[PDB]
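K.L.:
Before I ask anything, let me first share the structure, which is written out below as structure tokens.
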Amino acid sequence: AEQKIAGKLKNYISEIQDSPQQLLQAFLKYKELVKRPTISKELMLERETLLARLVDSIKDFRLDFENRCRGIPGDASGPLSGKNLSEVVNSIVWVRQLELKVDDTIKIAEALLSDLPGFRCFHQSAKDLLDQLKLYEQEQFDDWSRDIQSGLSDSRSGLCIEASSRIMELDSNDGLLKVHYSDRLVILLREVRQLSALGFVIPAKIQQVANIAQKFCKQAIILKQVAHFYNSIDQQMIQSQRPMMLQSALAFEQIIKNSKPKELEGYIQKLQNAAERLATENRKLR
Amino acid sequence: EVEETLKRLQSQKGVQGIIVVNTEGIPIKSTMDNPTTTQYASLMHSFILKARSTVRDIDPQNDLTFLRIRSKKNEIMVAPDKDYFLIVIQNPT
Amino acid sequence: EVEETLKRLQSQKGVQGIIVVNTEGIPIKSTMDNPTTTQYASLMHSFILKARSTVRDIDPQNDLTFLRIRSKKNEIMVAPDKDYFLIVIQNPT
Amino acid sequence: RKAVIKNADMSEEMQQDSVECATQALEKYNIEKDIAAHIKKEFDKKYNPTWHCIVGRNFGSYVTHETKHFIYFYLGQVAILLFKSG
Amino acid sequence: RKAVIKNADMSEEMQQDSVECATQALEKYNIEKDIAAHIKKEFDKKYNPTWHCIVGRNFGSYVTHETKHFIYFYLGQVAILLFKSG
Amino acid sequence: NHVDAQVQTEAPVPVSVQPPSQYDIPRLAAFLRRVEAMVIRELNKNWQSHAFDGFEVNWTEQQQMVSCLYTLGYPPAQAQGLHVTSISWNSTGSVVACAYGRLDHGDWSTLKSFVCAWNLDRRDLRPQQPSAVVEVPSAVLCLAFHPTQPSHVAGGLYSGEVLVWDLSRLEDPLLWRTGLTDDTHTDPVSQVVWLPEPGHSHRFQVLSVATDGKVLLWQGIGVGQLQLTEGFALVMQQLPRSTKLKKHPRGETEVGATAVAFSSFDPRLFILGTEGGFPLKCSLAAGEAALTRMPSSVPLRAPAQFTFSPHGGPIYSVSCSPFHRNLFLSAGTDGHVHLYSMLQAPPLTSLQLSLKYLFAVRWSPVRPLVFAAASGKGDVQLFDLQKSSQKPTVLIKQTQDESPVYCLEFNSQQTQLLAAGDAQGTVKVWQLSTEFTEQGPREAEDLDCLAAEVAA
Amino acid sequence: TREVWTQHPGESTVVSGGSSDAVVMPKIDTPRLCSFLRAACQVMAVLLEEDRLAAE
């Protein structure tokens, strides 16, 4: 029965033979047949052919890592880019995709191909590559552990927040409006969440700052709409253009100068009435 | 009495459709869902009004008794009388 | 070739109608007088346009391939394409 | 047929004339060509020129019209649009 | 929505403008009165007034028009009528 | 004197099935006796007949290849080197619309952003000139077009606001928006779907999904303001899960998400894709309160009631079949596309489509067995699952420099069109070969057989 | 002034109207349309032969 089945298998394998993806995916779909000893002896050149495809695939995965491992995050010479991920989060996702393909290559070769003399030589190489991916990822997490804890110490930059630190500030040295919640803390909530969602353990200190930063994140995004509206309506006007809009802006600017939860949310409610007026007049000058 | 004949028509070789429609344009029970039944009953009612005119327009002393439509998905059958018309659909063979 | 095939259809038991139509309701081959040929051609062209529309309203992913029309005096058969169509007419069976 | 009506500017005789002229055409003819044809031809015959007619199960429109002459109305499943300009 | 047409009397610039304005009406609206409102409003603005426009997928019509001004066309599964009278 | 008038035909009334006792049922029985005598003869002849063996008819030109000539871009956006991923097609099939925002490192979007609309029917169409343009002071990345009104398009922002435009009033193109309230998103948003108003289903509401792990349903009232009425959170402990997932960390953490697809025959059922790499099944009726710390005017609940087998990392697209209620496709960071049935936790099929990252998946509006996918190498691909079980049927190279490509949408009514968008601030529109454009023999039966083949 | 009637859907491809043919030159002559008569008459002939085999 196997001999007649193996004739049809060897025919189907010969139809797909041009593509290494189709060959590997057929060897997955019919793996339990290819395991059996007489069928394994009937398909010996096809086993050596898949070994050659997988050995070249391990060369290509290591060559891609050798170029990328010290290249710039997201750039075509470095780790690939997903939607809205950070430098570290792109780097981790990219490394785990290399691990996944090297690990699947090892597992499929182990069941199907492990009689062959080349399989011992190349299994050692593929396992060693997979351990080098683990080790280099761990070196990135050791650097991340130091560098997040040292960054979090600089709360005055906005990398961490005291609740008794300032909401928003009209810095009279610049005339600009500033919000003390750093852009890096908004990235830290994305980072800690995406790490948790994929399955990482989060350090206690990082979780404590993330708790403070979560509730403040709602407020900080409101405060950044106000701050960017003020900084952009200021930059739209050279002093030759200002005093006329400055009368309407003086209602909104009284609330901004009063920066010098219930206080802030009542302040925001008044500020949204002033924003209907000011945003309508901003469009008129544009 | 009637529902047993509907099972007899549902049982046919390569077939899955029944709709009966009344001369006022309103459908009776079907093995299709109500969205599909409404769509088929209304559309084919308009098409059969044109069909019965077309045969009478060729000869006012003639009248119409059966119709077929074959299509890329399926064949459709139509059979009208005084108070009712039937739709049947046969899967492609 | 084709004319002999129209003569073959013209000779069959209880058959006499053959018309070919230009998709402007006007005929290009006939075994019938031109006035009656134009009556059947224009009526069937209207009826094909409503048939194809009806199949696309029934299922926009489907399309028409054949039409058959049975009357107490005769049966009519219709085979359509984008550019051109055939009508054939026969006594009942 | 059942008659249902909404948006208009004409004297009541002209509203009733549109309903009757359409009803009589719908009995006389099965094809919308002859319905719209008869509605214009009777309006041009009784009234002064110039008239335009639409007869459909689905339409929307924007048009210019002369004061005391516009109507839109339904007779069963079919709607009719009838206006004077020219 | 690709176009299919059979009628002929307007200058070629007016044929171009009428299909283009109706195309812009298809980005502007689906509710057919508003599609026809765009088409008519631009024709009344560029050309000499007054214009009439209708948009429908199940209608018949009979209408009269000034020389060198009429068009009727299908866009996809919908039909459009545009003419000057008055 | 002259006045201008507007009139409209109202929507059609739906017909109803009638119960039997109301009529003279013996006349239906006598009719069925006469008609069954003929219909028995005629259905046996039609089952028997050879009359259509190899018979065919044509209604279109047989175009031999997937082929294109369009290039859509806004030069003021392109001069800044901005990236694009959004496509939507309007209800009249006239407009394709597009949105510019850099996703490149997720970096803080105080940068300019544009929404662009092209009406491809225009004889006044030009490559470098949108039919309409609107600006936003932070990155926009969604569009969805309203299911009836063609001018109406809804989109989500970087920093969490939702905006709704009406392109029928281009001097004031934009007023329906959240502002900011306790109801809102905060982290980057990208999904929109339009959903009918419960009990008032000729009206529509905007749905939004975000890297927050919130799902929100919105409506507009008055100047510059949206109001909310359904709210869900992906609180990580609460959802039911498959055995590849460990005992989850703090439930006060959400799992972020961006996909939506609805099972089109039963509108309670939607599918979500996650930052955690697992697809979810979700119901618009799941009542379990979320216990999220943050306030909202309507309290948050778990949206989900099932978890499917995971991808190798984050998911960025999901789509549901318009032909079989149970089926969806997913695409993610691992170079693979998977098919699932909403009855079973394993994938019905898995395919690898690149060595690099992917994100698009869509089903053909015409063909039950056609799906399309798009790739960060700069390519678009189409698969005909009636022609092969393993090999992609068409591959298309969109960027000549191999800069990243990610969008797919199929046109609403010119169903021969598929459009795709890319990192060089551009969208291109592809017309498919006729084999994609028109439905094959027995494809609905073959899709039922495909789902049945590994019913397990 | 000129008068016009016009419809959707049409009663033919003569979609609008006012108050041998050139189209025949391609339509009669085209070898593809001549082949569609070979096919359509073959369908008619097997339908007639099936109806005679049922009748006789």
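To be explicit about the labels: the chains of the structure tokens are called A, B, and onward in the order shown, and within each one the residues are counted from 1, while ligands get numbers from 1 in the order they are shown.
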Over all C-alpha pairs taken in order, what is the RMSD once chain B has been least-squares superposed onto chain C?
P.N.:
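Once chain B is fitted onto chain C, the C-alpha RMSD works out to 1.3 Å.
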K.L.:
With a distance cut-off of 8 Å and only C-alpha atoms, select the neighbouring residues of region 231-243 of chain A, excluding the residue or stretch itself and same-chain residues fewer than 4 positions from it, and output the selection as a list in words.
P.N.:
residues 176, 177, 227, 247 and 282 of chain A
K.L.:
Once the least-squares fit of chain D onto chain E is done over all Cα atoms matched in order, how many Å of RMSD are left?
P.N.:
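It comes to 0.9 Å after superposition.
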K.L.:
Using DSSP assignments from the backbone, pull out every residue in chain C that falls under strand (DSSP E) and give it to me as a ChimeraX atom specification.
P.N.:
/C:15-21,27-30,64-71,75-80,85-90
K.L.:
Suppose we keep N, CA and C atoms; can you now write the selection as an mmCIF file, in the first residue's frame?
P.N.:
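Result file is result35.cif:
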```
data_model
loop_
_atom_site.group_PDB
_atom_site.id
_atom_site.type_symbol
_atom_site.label_atom_id
_atom_site.label_comp_id
_atom_site.auth_asym_id
_atom_site.auth_seq_id
_atom_site.Cartn_x
_atom_site.Cartn_y
_atom_site.Cartn_z
ATOM 1 N N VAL C 15 -41.475 22.155 -36.403
ATOM 2 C CA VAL C 15 -40.669 23.380 -36.277
ATOM 3 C C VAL C 15 -40.921 24.316 -37.452
ATOM 4 N N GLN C 16 -41.227 25.594 -37.181
ATOM 5 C CA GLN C 16 -40.872 26.686 -38.102
ATOM 6 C C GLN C 16 -40.826 28.037 -37.354
ATOM 7 N N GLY C 17 -39.679 28.366 -36.767
ATOM 8 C CA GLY C 17 -39.259 29.757 -36.581
ATOM 9 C C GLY C 17 -37.752 29.821 -36.379
ATOM 10 N N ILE C 18 -37.028 30.647 -37.138
ATOM 11 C CA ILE C 18 -35.590 30.902 -36.948
ATOM 12 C C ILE C 18 -35.334 32.385 -37.188
ATOM 13 N N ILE C 19 -34.784 33.084 -36.197
ATOM 14 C CA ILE C 19 -34.442 34.506 -36.298
ATOM 15 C C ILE C 19 -33.111 34.761 -35.593
ATOM 16 N N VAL C 20 -32.228 35.544 -36.202
ATOM 17 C CA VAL C 20 -30.975 36.013 -35.582
ATOM 18 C C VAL C 20 -30.970 37.542 -35.494
ATOM 19 N N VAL C 21 -30.542 38.119 -34.366
ATOM 20 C CA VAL C 21 -30.770 39.533 -34.003
ATOM 21 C C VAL C 21 -29.473 40.261 -33.632
ATOM 22 N N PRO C 27 -33.154 42.194 -37.325
ATOM 23 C CA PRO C 27 -32.714 40.838 -37.639
ATOM 24 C C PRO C 27 -31.693 40.762 -38.783
ATOM 25 N N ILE C 28 -30.825 39.750 -38.746
ATOM 26 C CA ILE C 28 -29.745 39.528 -39.724
ATOM 27 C C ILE C 28 -29.891 38.202 -40.496
ATOM 28 N N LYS C 29 -30.491 37.170 -39.886
ATOM 29 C CA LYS C 29 -30.945 35.937 -40.560
ATOM 30 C C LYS C 29 -32.408 35.680 -40.200
ATOM 31 N N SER C 30 -33.195 35.169 -41.147
ATOM 32 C CA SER C 30 -34.565 34.713 -40.890
ATOM 33 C C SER C 30 -35.038 33.642 -41.876
ATOM 34 N N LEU C 64 -26.819 35.773 -17.023
ATOM 35 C CA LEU C 64 -27.697 35.016 -17.931
ATOM 36 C C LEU C 64 -26.902 34.218 -18.977
ATOM 37 N N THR C 65 -27.362 33.003 -19.313
ATOM 38 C CA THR C 65 -26.804 32.181 -20.405
ATOM 39 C C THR C 65 -27.843 31.568 -21.355
ATOM 40 N N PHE C 66 -29.097 31.309 -20.944
ATOM 41 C CA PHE C 66 -30.151 30.810 -21.851
ATOM 42 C C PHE C 66 -31.568 31.170 -21.375
ATOM 43 N N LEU C 67 -32.523 31.277 -22.302
ATOM 44 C CA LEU C 67 -33.938 31.559 -22.045
ATOM 45 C C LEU C 67 -34.825 30.609 -22.860
ATOM 46 N N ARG C 68 -35.885 30.037 -22.263
ATOM 47 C CA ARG C 68 -36.881 29.187 -22.967
ATOM 48 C C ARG C 68 -38.300 29.577 -22.541
ATOM 49 N N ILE C 69 -39.260 29.677 -23.461
ATOM 50 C CA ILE C 69 -40.554 30.342 -23.240
ATOM 51 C C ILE C 69 -41.684 29.521 -23.877
ATOM 52 N N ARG C 70 -42.531 28.876 -23.080
ATOM 53 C CA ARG C 70 -43.538 27.935 -23.577
ATOM 54 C C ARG C 70 -44.942 28.499 -23.517
ATOM 55 N N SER C 71 -45.597 28.553 -24.659
ATOM 56 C CA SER C 71 -46.950 29.059 -24.850
ATOM 57 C C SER C 71 -47.870 27.956 -25.359
ATOM 58 N N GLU C 75 -43.555 26.795 -28.409
ATOM 59 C CA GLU C 75 -42.433 27.118 -27.531
ATOM 60 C C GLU C 75 -41.383 27.912 -28.310
ATOM 61 N N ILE C 76 -40.796 28.920 -27.659
ATOM 62 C CA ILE C 76 -39.716 29.781 -28.158
ATOM 63 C C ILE C 76 -38.445 29.520 -27.333
ATOM 64 N N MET C 77 -37.272 29.508 -27.968
ATOM 65 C CA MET C 77 -35.968 29.298 -27.322
ATOM 66 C C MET C 77 -34.983 30.383 -27.750
ATOM 67 N N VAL C 78 -34.200 30.895 -26.798
ATOM 68 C CA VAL C 78 -33.353 32.079 -26.975
ATOM 69 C C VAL C 78 -31.955 31.856 -26.397
ATOM 70 N N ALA C 79 -30.925 32.135 -27.205
ATOM 71 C CA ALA C 79 -29.513 31.967 -26.849
ATOM 72 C C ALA C 79 -28.706 33.276 -27.067
ATOM 73 N N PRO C 80 -28.397 34.042 -25.998
ATOM 74 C CA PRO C 80 -27.867 35.408 -26.087
ATOM 75 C C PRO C 80 -26.356 35.531 -25.886
ATOM 76 N N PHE C 85 -27.799 37.488 -30.975
ATOM 77 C CA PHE C 85 -28.569 36.376 -30.397
ATOM 78 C C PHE C 85 -29.445 35.616 -31.401
ATOM 79 N N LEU C 86 -29.733 34.348 -31.086
ATOM 80 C CA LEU C 86 -30.580 33.433 -31.857
ATOM 81 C C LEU C 86 -31.924 33.190 -31.148
ATOM 82 N N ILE C 87 -33.021 33.264 -31.900
ATOM 83 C CA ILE C 87 -34.376 32.841 -31.520
ATOM 84 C C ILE C 87 -34.790 31.637 -32.389
ATOM 85 N N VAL C 88 -35.356 30.584 -31.792
ATOM 86 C CA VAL C 88 -35.967 29.452 -32.522
ATOM 87 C C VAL C 88 -37.351 29.123 -31.954
ATOM 88 N N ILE C 89 -38.316 28.740 -32.801
ATOM 89 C CA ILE C 89 -39.723 28.514 -32.418
ATOM 90 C C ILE C 89 -40.250 27.160 -32.932
ATOM 91 N N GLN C 90 -41.012 26.442 -32.101
ATOM 92 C CA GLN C 90 -41.470 25.066 -32.343
ATOM 93 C C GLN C 90 -42.894 24.816 -31.812
#
```
K.L.:
Could you list, as a list in words, every residue of chain F that has an atom within 8 Å of an atom of chain E, counting only C-alpha atoms?
P.N.:
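Output check: residues 6, 7, 8, 90, 91, 92, 93, 94, 95, 119, 121, 122, 123, 124, 148, 149, 150, 151, 167, 168, 413 and 414 of chain F.
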K.L.:
Residues of the last selection are to be written out with N, CA, C and O atoms, as a short mmCIF file (atom, residue, chain, number, x, y, z; two decimals), in the first residue's frame.
P.N.:
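Here's the written file result.cif:
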```cif
data_model
loop_
_atom_site.label_atom_id
_atom_site.label_comp_id
_atom_site.auth_asym_id
_atom_site.auth_seq_id
_atom_site.Cartn_x
_atom_site.Cartn_y
_atom_site.Cartn_z
N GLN F 6 -37.13 70.72 -5.66
CA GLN F 6 -36.47 69.44 -5.42
C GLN F 6 -37.48 68.39 -4.93
O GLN F 6 -38.29 68.68 -4.04
N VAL F 7 -37.44 67.18 -5.48
CA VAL F 7 -38.29 66.05 -5.07
C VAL F 7 -37.52 64.75 -5.20
O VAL F 7 -36.60 64.62 -6.01
N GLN F 8 -37.90 63.79 -4.37
CA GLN F 8 -37.21 62.52 -4.17
C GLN F 8 -38.23 61.38 -3.99
O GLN F 8 -39.16 61.50 -3.20
N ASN F 90 -16.16 54.77 -1.93
CA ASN F 90 -17.50 55.26 -1.55
C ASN F 90 -18.65 54.40 -2.10
O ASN F 90 -18.47 53.50 -2.92
N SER F 91 -19.87 54.69 -1.64
CA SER F 91 -21.10 53.95 -1.97
C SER F 91 -21.53 54.05 -3.44
O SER F 91 -22.14 53.13 -3.98
N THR F 92 -21.21 55.16 -4.10
CA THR F 92 -21.41 55.36 -5.54
C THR F 92 -20.27 54.76 -6.38
O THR F 92 -20.30 54.85 -7.60
N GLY F 93 -19.24 54.19 -5.74
CA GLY F 93 -18.04 53.63 -6.38
C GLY F 93 -17.18 54.66 -7.13
O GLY F 93 -16.27 54.28 -7.86
N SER F 94 -17.51 55.94 -6.99
CA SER F 94 -16.90 57.06 -7.70
C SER F 94 -15.57 57.45 -7.06
O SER F 94 -14.60 57.70 -7.77
N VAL F 95 -15.50 57.47 -5.73
CA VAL F 95 -14.35 57.97 -5.00
C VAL F 95 -13.50 56.85 -4.42
O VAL F 95 -14.03 55.94 -3.80
N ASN F 119 -11.90 61.17 -7.37
CA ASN F 119 -13.07 60.65 -8.06
C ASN F 119 -12.62 60.13 -9.43
O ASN F 119 -12.40 60.91 -10.36
N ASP F 121 -13.90 58.57 -11.90
CA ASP F 121 -14.76 58.83 -13.05
C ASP F 121 -14.48 60.19 -13.72
O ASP F 121 -14.88 60.39 -14.87
N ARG F 122 -13.83 61.14 -13.03
CA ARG F 122 -13.60 62.50 -13.55
C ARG F 122 -12.76 62.46 -14.81
O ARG F 122 -11.65 61.92 -14.82
N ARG F 123 -13.22 63.13 -15.86
CA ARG F 123 -12.41 63.50 -17.03
C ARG F 123 -11.36 64.54 -16.63
O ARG F 123 -10.28 64.58 -17.22
N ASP F 124 -11.63 65.30 -15.56
CA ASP F 124 -10.69 66.18 -14.87
C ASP F 124 -9.85 65.45 -13.79
O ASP F 124 -9.28 66.10 -12.92
N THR F 148 -24.38 54.60 2.54
CA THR F 148 -25.32 55.25 1.62
C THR F 148 -24.78 56.58 1.09
O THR F 148 -24.49 56.66 -0.09
N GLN F 149 -24.56 57.60 1.91
CA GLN F 149 -24.05 58.90 1.45
C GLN F 149 -22.55 58.87 1.05
O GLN F 149 -21.70 58.60 1.87
N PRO F 150 -22.19 59.17 -0.19
CA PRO F 150 -20.85 58.92 -0.71
C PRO F 150 -19.81 59.93 -0.27
O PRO F 150 -18.62 59.64 -0.32
N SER F 151 -20.23 61.12 0.16
CA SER F 151 -19.35 62.17 0.65
C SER F 151 -18.87 61.94 2.08
O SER F 151 -17.97 62.64 2.53
N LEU F 167 -17.65 65.43 2.54
CA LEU F 167 -17.08 66.03 1.35
C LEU F 167 -18.13 66.71 0.44
O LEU F 167 -17.79 67.21 -0.62
N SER F 168 -19.41 66.76 0.84
CA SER F 168 -20.45 67.50 0.11
C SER F 168 -20.49 69.01 0.42
O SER F 168 -21.24 69.74 -0.22
N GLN F 413 -18.63 48.60 -6.49
CA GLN F 413 -19.51 48.37 -7.66
C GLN F 413 -18.78 48.16 -9.02
O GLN F 413 -19.24 47.36 -9.83
N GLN F 414 -17.64 48.81 -9.27
CA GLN F 414 -16.68 48.43 -10.32
C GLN F 414 -15.73 47.35 -9.77
O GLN F 414 -14.54 47.57 -9.56
#
```
K.L.:
Could you pull out the helix (DSSP H, G or I) residues of chain B from DSSP and send them as a short mmCIF file (atom, residue, chain, number, x, y, z; two decimals) with N, CA, C and O atoms, in the first residue's frame?
P.N.:
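Dumped everything to result.cif:
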```
data_model
loop_
_atom_site.label_atom_id
_atom_site.label_comp_id
_atom_site.auth_asym_id
_atom_site.auth_seq_id
_atom_site.Cartn_x
_atom_site.Cartn_y
_atom_site.Cartn_z
N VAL B 2 -50.62 20.00 1.39
CA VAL B 2 -49.74 20.84 0.56
C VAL B 2 -48.26 20.69 0.93
O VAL B 2 -47.42 20.51 0.05
N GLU B 3 -47.91 20.76 2.21
CA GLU B 3 -46.52 20.77 2.68
C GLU B 3 -45.76 19.49 2.29
O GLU B 3 -44.58 19.53 1.96
N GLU B 4 -46.46 18.36 2.21
CA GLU B 4 -45.94 17.10 1.69
C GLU B 4 -45.54 17.21 0.21
O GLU B 4 -44.48 16.72 -0.18
N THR B 5 -46.31 17.93 -0.60
CA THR B 5 -45.92 18.22 -1.99
C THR B 5 -44.69 19.14 -2.03
O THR B 5 -43.79 18.92 -2.84
N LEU B 6 -44.57 20.11 -1.11
CA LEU B 6 -43.38 20.96 -1.02
C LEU B 6 -42.13 20.11 -0.71
O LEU B 6 -41.11 20.28 -1.36
N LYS B 7 -42.21 19.12 0.19
CA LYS B 7 -41.11 18.17 0.41
C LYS B 7 -40.81 17.33 -0.84
O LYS B 7 -39.65 17.13 -1.18
N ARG B 8 -41.84 16.93 -1.59
CA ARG B 8 -41.66 16.22 -2.87
C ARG B 8 -40.88 17.06 -3.88
O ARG B 8 -39.95 16.55 -4.50
N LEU B 9 -41.19 18.34 -4.01
CA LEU B 9 -40.47 19.26 -4.90
C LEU B 9 -39.06 19.59 -4.38
O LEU B 9 -38.10 19.62 -5.15
N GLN B 10 -38.89 19.75 -3.07
CA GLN B 10 -37.58 19.96 -2.44
C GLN B 10 -36.66 18.76 -2.66
O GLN B 10 -35.44 18.91 -2.74
N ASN B 34 -36.11 34.43 4.34
CA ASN B 34 -37.03 35.51 4.00
C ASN B 34 -36.39 36.64 3.16
O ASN B 34 -37.02 37.07 2.20
N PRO B 35 -35.16 37.11 3.44
CA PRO B 35 -34.48 38.06 2.55
C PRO B 35 -34.40 37.56 1.10
O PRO B 35 -34.84 38.24 0.18
N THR B 36 -33.93 36.33 0.90
CA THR B 36 -33.80 35.73 -0.43
C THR B 36 -35.17 35.52 -1.08
O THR B 36 -35.37 35.85 -2.24
N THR B 37 -36.15 35.04 -0.30
CA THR B 37 -37.53 34.82 -0.76
C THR B 37 -38.17 36.11 -1.26
O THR B 37 -38.76 36.13 -2.33
N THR B 38 -38.00 37.21 -0.53
CA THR B 38 -38.53 38.53 -0.91
C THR B 38 -37.91 39.02 -2.21
O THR B 38 -38.61 39.46 -3.13
N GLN B 39 -36.58 38.89 -2.32
CA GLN B 39 -35.83 39.31 -3.50
C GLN B 39 -36.25 38.52 -4.73
O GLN B 39 -36.65 39.11 -5.73
N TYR B 40 -36.29 37.20 -4.64
CA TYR B 40 -36.70 36.36 -5.76
C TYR B 40 -38.16 36.57 -6.13
O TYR B 40 -38.47 36.76 -7.30
N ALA B 41 -39.08 36.60 -5.16
CA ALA B 41 -40.50 36.74 -5.46
C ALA B 41 -40.81 38.05 -6.17
O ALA B 41 -41.49 38.06 -7.19
N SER B 42 -40.28 39.17 -5.66
CA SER B 42 -40.50 40.48 -6.27
C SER B 42 -39.86 40.58 -7.65
O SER B 42 -40.51 41.00 -8.61
N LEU B 43 -38.60 40.17 -7.80
CA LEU B 43 -37.90 40.31 -9.07
C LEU B 43 -38.53 39.44 -10.15
O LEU B 43 -38.91 39.95 -11.20
N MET B 44 -38.72 38.16 -9.88
CA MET B 44 -39.35 37.28 -10.85
C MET B 44 -40.79 37.68 -11.13
O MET B 44 -41.21 37.55 -12.28
N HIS B 45 -41.55 38.24 -10.18
CA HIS B 45 -42.90 38.74 -10.47
C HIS B 45 -42.86 39.82 -11.55
O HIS B 45 -43.62 39.76 -12.51
N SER B 46 -41.91 40.76 -11.46
CA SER B 46 -41.76 41.79 -12.50
C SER B 46 -41.41 41.20 -13.87
O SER B 46 -41.95 41.61 -14.90
N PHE B 47 -40.53 40.20 -13.87
CA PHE B 47 -40.06 39.55 -15.08
C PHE B 47 -41.15 38.71 -15.76
O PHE B 47 -41.26 38.72 -16.98
N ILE B 48 -42.02 38.07 -14.99
CA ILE B 48 -43.16 37.30 -15.49
C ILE B 48 -44.26 38.22 -16.01
O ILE B 48 -44.91 37.87 -17.00
N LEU B 49 -44.46 39.41 -15.44
CA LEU B 49 -45.38 40.39 -16.04
C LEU B 49 -44.93 40.79 -17.46
O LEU B 49 -45.73 40.76 -18.40
N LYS B 50 -43.63 41.03 -17.66
CA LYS B 50 -43.05 41.24 -18.99
C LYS B 50 -43.16 40.01 -19.89
O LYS B 50 -43.49 40.14 -21.07
N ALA B 51 -42.92 38.81 -19.36
CA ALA B 51 -43.01 37.56 -20.11
C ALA B 51 -44.42 37.32 -20.67
O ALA B 51 -44.59 37.08 -21.87
N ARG B 52 -45.45 37.43 -19.83
CA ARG B 52 -46.83 37.16 -20.24
C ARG B 52 -47.33 38.20 -21.23
O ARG B 52 -47.99 37.85 -22.20
N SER B 53 -46.91 39.46 -21.05
CA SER B 53 -47.11 40.47 -22.09
C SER B 53 -46.44 40.05 -23.39
O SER B 53 -47.10 39.99 -24.41
N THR B 54 -45.16 39.65 -23.37
CA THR B 54 -44.40 39.34 -24.59
C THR B 54 -45.05 38.26 -25.45
O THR B 54 -45.16 38.42 -26.66
N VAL B 55 -45.54 37.18 -24.84
CA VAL B 55 -46.27 36.15 -25.59
C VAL B 55 -47.60 36.68 -26.13
O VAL B 55 -47.92 36.46 -27.30
N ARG B 56 -48.36 37.44 -25.34
CA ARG B 56 -49.60 38.09 -25.80
C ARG B 56 -49.36 39.15 -26.90
O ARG B 56 -50.19 39.36 -27.77
N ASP B 57 -48.21 39.82 -26.88
CA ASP B 57 -47.74 40.79 -27.87
C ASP B 57 -47.34 40.12 -29.20
O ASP B 57 -47.48 40.72 -30.26
N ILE B 58 -46.85 38.88 -29.15
CA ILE B 58 -46.68 38.02 -30.34
C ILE B 58 -48.05 37.52 -30.85
O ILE B 58 -48.30 37.55 -32.05
#
```
K.L.:
Report the distance between CA of residue 77 (chain F) and CA of residue 134 (chain F) in Å, rounded to one decimal place.
P.N.:
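Answer for the CA of residue 77 (chain F) to CA of residue 134 (chain F) separation: 11.6 Å.
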K.L.:
Extract, using only C-alpha atoms, all DNA, RNA and protein residues at most 10 Å from residue 82 (chain D), discarding same-chain residues fewer than 2 positions from it, and format them as a ChimeraX atom specification.
P.N.:
/D:8,18,36,39-40,43,51-55,65,69-73,80,84 /E:61,63
